[PDB]
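There is one chain below, alone, in structure tokens, taken in the form deposited without this ligand.
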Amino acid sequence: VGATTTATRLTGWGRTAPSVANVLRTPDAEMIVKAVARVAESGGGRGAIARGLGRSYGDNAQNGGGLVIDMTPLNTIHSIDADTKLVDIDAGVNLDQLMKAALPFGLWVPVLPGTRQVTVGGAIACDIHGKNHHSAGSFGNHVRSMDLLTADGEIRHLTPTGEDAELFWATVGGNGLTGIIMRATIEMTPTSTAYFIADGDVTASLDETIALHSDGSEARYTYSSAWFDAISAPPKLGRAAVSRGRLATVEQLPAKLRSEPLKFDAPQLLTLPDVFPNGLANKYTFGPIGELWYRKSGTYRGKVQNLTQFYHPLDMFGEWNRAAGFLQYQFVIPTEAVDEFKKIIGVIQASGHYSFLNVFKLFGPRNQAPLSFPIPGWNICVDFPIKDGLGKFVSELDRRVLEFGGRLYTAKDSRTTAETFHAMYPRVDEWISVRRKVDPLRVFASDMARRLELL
């Protein structure tokens, strides 16, 4: 299939801040190189940015009045090796495609986000994190090389420790602003099964949620995350359903499943909105029997689960989740600032803004990428319905997050200011200097670049 350059109205996943750009779409690498050579001959214009599957909520994969390059047609898996654990894939392959192709080799995608519909390029450019951050770091940690199409029209082969480690690490979490990742080699995690052994716990309050994450139990699990109550007044505020686990070995599987330990099950036809259309509430739900039931069902040990059960637990709730019109907000607060983190949770609950879907986890050590989002500490994602006062309230949350040494995530943001973002990322000047060195003419530009003064 040939090249196609179309004027397209683009938004992130949040369906907000739309802007019109020329979308180039081609499986031909030579053609992508030529477009970048074209933009650069100009050589100052409104530039270009790569786009993956558009799963970022904000404006990092759009470029109003300029060019956008859709990378999804470059989706070749070149090789997978079980012995070296390395995969060599085009930047356009997505993590679901990769997971499925790698399982028969006993290989596991080392960092999986809450949706598998993300490209390798998008996973690198946002240095994405998953349920295992505290044990495996973020996506960038597992990249062994990548080929970066730079502004000068050349393709630079980058490694994390080689000659241009600096450019490598500016590209990790760089939001497409150092060039176009064409291709990458990733080191996979070995596995004997496609299953998890999981322990579930239900806490009664915010204080309990924090204690559970601070009692040392986190180190017994490679994977850990929680669903968090952000609407109930204290003491119920910040109670959580915690899901922790690790990949199962074949010995740990029931005999029924040992025949095909690496098998991935197809997603079921029926979801919970399908079997129970008008909700799951009864007369017991919100009283003491409801609390007991919820606590009992969410407390367990050594439960064998496939990926969907362990890792995408709310796929069950199907049509019920988020029912556009929502603002996604994710931040992390450094571990030591526990009181400050608790204070921010209190602010949210008293705001008059109600988020039903709240993902909580304790991040581990950060990496050397100057713009990487994750830092060790308390991470949470909340989802606010758009309504009066919200924009001004999230600006107040920004101030609180900043003051308490934390940051927002670019993959979620469409509204923070440049001033706020720069203070949240003290290594931003260091990063900008790398960018100016590798792209003096601003061949690469995006709506986010301009909003956040990263240009």
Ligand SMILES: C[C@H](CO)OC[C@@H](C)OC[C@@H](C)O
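One rule holds for the numbers: they count along the sequence shown, beginning at 1.
Quick note: we don't show the form solved in complex with this ligand, though the next part is all about it.
Of the listed positions (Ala101, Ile155, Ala211, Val359), a single one reaches within 4.5 angstroms of this ligand by any non-hydrogen atom in the bound PDB entry, namely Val359. The listed set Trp108, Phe196, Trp227, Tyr221 contains one residue whose heavy atoms approach this ligand in the bound PDB entry to within 4.5 Å, identified as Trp227. Mapping the unseen interface onto this chain, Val242 counts among the residues with a heavy atom inside 4.5 Å of this ligand in the bound PDB entry. Using a 4.5 angstroms limit between non-hydrogen atoms, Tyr354 is distant from this ligand in the bound PDB entry.
Taking the partner from the other structure, this ligand in the bound PDB entry has a heavy atom within 4.5 Å of a heavy atom of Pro313. Though the partner is left out of this view, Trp293 does not reach within 4.5 Å of this ligand in the bound PDB entry, counting heavy atoms only.
Partner contacts here mean any heavy atom within 4.5 Å of this ligand in the bound PDB entry, and among 158 to 166, 78 to 86, 234 to 242, 254 to 262 they occur only in 234 to 242.
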